[PDB]
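For reference, the structure is listed below as structure tokens.
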Amino acid sequence: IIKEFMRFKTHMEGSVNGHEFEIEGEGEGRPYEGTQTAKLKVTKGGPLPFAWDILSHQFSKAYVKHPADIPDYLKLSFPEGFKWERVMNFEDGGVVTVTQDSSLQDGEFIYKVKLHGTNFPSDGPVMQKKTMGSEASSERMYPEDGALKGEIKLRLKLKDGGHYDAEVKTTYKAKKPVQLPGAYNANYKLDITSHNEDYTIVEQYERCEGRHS
């Protein structure tokens with residue numbers, strides 16, 4: 001059972017341009033209202049020498065508000081949970097891959113994340129930490145390969161004007177077989193509500209809701 005109020009714990013192990021790091025985080029939110037907050041701490045490899053914005057979207061699809069007629073594939077996957085794999089192709093060649101495992105333990109969600117950050121130019125917006133958060137987007141959701149897929153055109157604002165884009169592709173698969181929905185949209189807004197000077201402590205807020213195609 002997914003209650004109206006739910007907490008989660010997350011751990012992320014990753015590598016960006018050969019720099020290894022680990023992140024721990026805890027958060028809470030309203031799974032049916034589609035809102036959540038998270039506080040993340042860099043526990044190893046801190047301070048990170050690249051943009052926090054490449055990581056922010058990797059820190060929770062069970063917290064999506066869904067209309068009653070769209071099956072909630074990821075909520076229906078519980079208690080066993082689900083997994084997801086993502087690819088983010090940045091405009092300058094930079095690539096980020098993520099694998100995730102989500103489960104339920106003692107009434108709380110547990111997230112395990114693994115991240116690869118490859119071929120980012122040393123003078124680019126990520127390496128130079130020139131990003132300023134992301135704009136509100138819409139993930140096009142659709143079934144494919146006995147799984148739910150999602151597509152986003154992520155836009156990161158830059159400090160001195162303009163944007164830095166990525167084509168994001170994700171596959172979400174329930175551990176046990178559950179009813180796949182038809183295509184729909186998931187509108188999101190993710191905000192960095194607070195951070196310390198070196199980004200070793202970061203607070204995030206996100207709202208997500210499902211709408212008919």
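Chains: A, B, ... in order of the structure tokens. Residues: from 1 per chain. Ligands: from 1, in order shown.
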Check your understanding: Among region 76-212 of chain A, which residues carry a DSSP assignment of strand (DSSP E or B), reported as a PyMOL selection string?
Key -> chain A and resi 82-90+95-105+108-118+131-134+137-144+147-158+163-174+184-195+201-212
Point to revise | alpha helix (DSSP H) residues, from DSSP on the backbone, in region 10-211 of chain A, as a ChimeraX atom specification | key: /A:53-56,73-76
Practice item. Would you please work out which residue, of A:114, A:86, A:66, A:212, is nearest to residue 151 (chain A) when using only C-alpha atoms? Key: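 Looking at the shortest contact to residue 151 (chain A), the residue is A:86.
Going from CA of residue 82 (chain A) to CA of residue 181 (chain A) covers 15.4 Å.
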**Study point:** Nearest to residue 201 (chain A) by atom-to-atom distance, counting only C-alpha atoms, from A:12, A:158, A:42, A:23
**Key:**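 Smallest distance to residue 201 (chain A) is found for A:42.
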Exercise for review: Find the spatial neighbours of residue 175 (chain A), counting only C-alpha atoms, within a cut-off of 8 Å - ignore same-chain residues fewer than 5 positions away - and output them as an MDAnalysis selection string.
Suggested key: chainID A and resid 77 80:83
**Study point:** Residue with smallest distance to residue 10 (chain A) - pool A:54, A:74, A:98, A:110, counting only C-alpha atoms
**Key:**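 Looking at the shortest contact to residue 10 (chain A), the residue is A:110.
For the residues A:144, A:32, A:51, A:122, ranking by smallest atom-to-atom distance to residue 68 (chain A) using only C-alpha atoms places A:32 first.
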Nearby residues (only C-alpha atoms) at most 7 Å from residue 93 (chain A), same-chain spacing under 4 positions excluded, as a PDB file with N, CA and C atoms, in the first residue's frame:
```
ATOM      1  N   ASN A  89      21.277  12.411 -23.956  1.00  0.00           N
ATOM      2  CA  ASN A  89      22.231  12.818 -24.967  1.00  0.00           C
ATOM      3  C   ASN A  89      22.291  14.330 -25.050  1.00  0.00           C
ATOM      4  N   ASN A 119      32.062  11.851 -21.908  1.00  0.00           N
ATOM      5  CA  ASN A 119      32.468  12.721 -23.017  1.00  0.00           C
ATOM      6  C   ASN A 119      31.961  14.149 -22.929  1.00  0.00           C
ATOM      7  N   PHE A 120      32.033  14.735 -21.740  1.00  0.00           N
ATOM      8  CA  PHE A 120      31.662  16.135 -21.559  1.00  0.00           C
ATOM      9  C   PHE A 120      32.904  16.997 -21.838  1.00  0.00           C
TER      10      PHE A 120
END
```
Revision key, fill the gap. Using only C-alpha atoms, the shortest atom-to-atom distance to residue 159 (chain A) among A:180, A:55, A:40, A:132 belongs to A:132
